[PDB]
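To keep things clear, I will list the structure first and then write my remarks on it.
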Amino acid sequence: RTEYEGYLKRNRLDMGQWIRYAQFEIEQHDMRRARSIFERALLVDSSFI
RNA sequence: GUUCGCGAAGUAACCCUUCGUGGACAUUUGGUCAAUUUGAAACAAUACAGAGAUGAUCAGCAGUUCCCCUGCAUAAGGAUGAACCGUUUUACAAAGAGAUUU
Ligand SMILES: [K+]
Ligand SMILES: [K+]
Ligand SMILES: [K+]
């Protein structure tokens with residue numbers, strides 16, 4: 001989490017990294033965290049289908 | 001305490017003196033805070049190592065950041081102040097062929 005948050009802090013526009021971080025939380029079975037990551041990504045770019 | 005008024009005692013009687021009594025004057029400070037270990041300062045010390053773009057030695061200026069420090073500062077300086085360097089899979093479809101199955 002520290003790694004992913006560091007990268008997203010330095011470059012919030014990396015939508016691929018946002019998705020990979022959300023998937024990492026999915027693999028931890030922590031859907032609340034995954035949902036939060038997806039929501040934050042939608043806050044950055046809601047147009048990315 | 002003072003002062004205005006009244007009772008009284010002392011004095012021959014006033015002034016004056018004392019005991020009693022009513023009124024007037026003056027009227028609510030300070031704390032976000034307790035005095036060493038357990039509600040938060042840091043440097044330093046010991047060790048190792050010895051600065052980005054390079055084959056080598058270096059000037060830099062920036063940008064991004066939920067890192068700031070020094071400075072009066074919107075100046076300048078702090079290794080180009082530092083961190084930056086990793087990890088990376090699906091709007092996934094169309095046409096066709098040869099093998100698999102009833
Ligand atoms: K050196
Ligand atoms: K330099
Ligand atoms: K500089």
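Lettering and numbering for the structure tokens are positional, with chains as A, B, ... in the shown order, residues counted from 1 in each chain, and ligands counted from 1 in the shown order.
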Expected answer as an MDAnalysis selection string: residues within 12 Å of ligand 3, only C-alpha atoms (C1' of nucleotides) and all ligand atoms: chainID B and resid 59:62 76:82
Check: which chain B residues lie within 8 Å of chain A using only C-alpha atoms (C1' of nucleotides), as JSON, numbers by chain: {"B": [64, 65, 66, 84, 88, 91]}
Protein and nucleic acid residues within 12 Å of ligand 1 (only C-alpha atoms (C1' of nucleotides) and all ligand atoms) as a ChimeraX atom specification: /B:49-51,57-58,79
Selection file, C-alpha atoms (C1' of nucleotides), as a PDB file, in the first residue's frame:
```pdb
ATOM      1  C1'   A B  49      29.353   4.931   2.593  1.00  0.00           C
ATOM      2  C1'   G B  50      31.080   9.380  -0.361  1.00  0.00           C
ATOM      3  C1'   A B  51      26.699  13.691  -5.202  1.00  0.00           C
ATOM      4  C1'   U B  57      34.696  15.334 -14.157  1.00  0.00           C
ATOM      5  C1'   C B  58      31.122  18.812 -13.613  1.00  0.00           C
ATOM      6  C1'   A B  79      23.945  17.636  -3.715  1.00  0.00           C
TER       7        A B  79
END
```
Long-range neighbours of residue 18 in chain B as an MDAnalysis selection string, 12 Å cut-off, only C-alpha atoms (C1' of nucleotides), 3 positions minimum in chain: chainID B and resid 8:10
Take the residues just selected and output them with C-alpha atoms (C1' of nucleotides) as a PDB file, in the first residue's frame.
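Saved file again_10.pdb follows:
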```
ATOM      1  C1'   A B   8     -27.937  57.444  76.283  1.00  0.00           C
ATOM      2  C1'   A B   9     -23.939  58.280  80.001  1.00  0.00           C
ATOM      3  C1'   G B  10     -20.266  62.025  81.730  1.00  0.00           C
TER       4        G B  10
END
```
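Separating CA of residue 13 in chain A from CA of residue 34 in chain A is a distance of 17.8 Å.
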Non-local contacts of range 21-24 of chain B (10 Å; only C-alpha atoms (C1' of nucleotides); under 5 positions in same chain excluded) as a list in words: residues 3, 4, 5, 6 and 7 of chain B
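Among B:38, B:73, B:52, B:47, the residue with the shortest atom-to-atom distance to ligand 2, counting only C-alpha atoms (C1' of nucleotides) and all ligand atoms, is B:52.
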Atomic separation - CA of residue 15 in chain A relative to CA of residue 47 in chain A, Å: 11.0 Å
Backbone-only DSSP, helix (DSSP H, G or I) members of chain A, as a PyMOL selection string: chain A and resi 2-10+15-27+31-44
Closest of A:33, A:2, A:41, A:46 to residue 14 in chain A - atom-to-atom distances counting only C-alpha atoms: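 Closest to residue 14 in chain A, using only C-alpha atoms: A:41.
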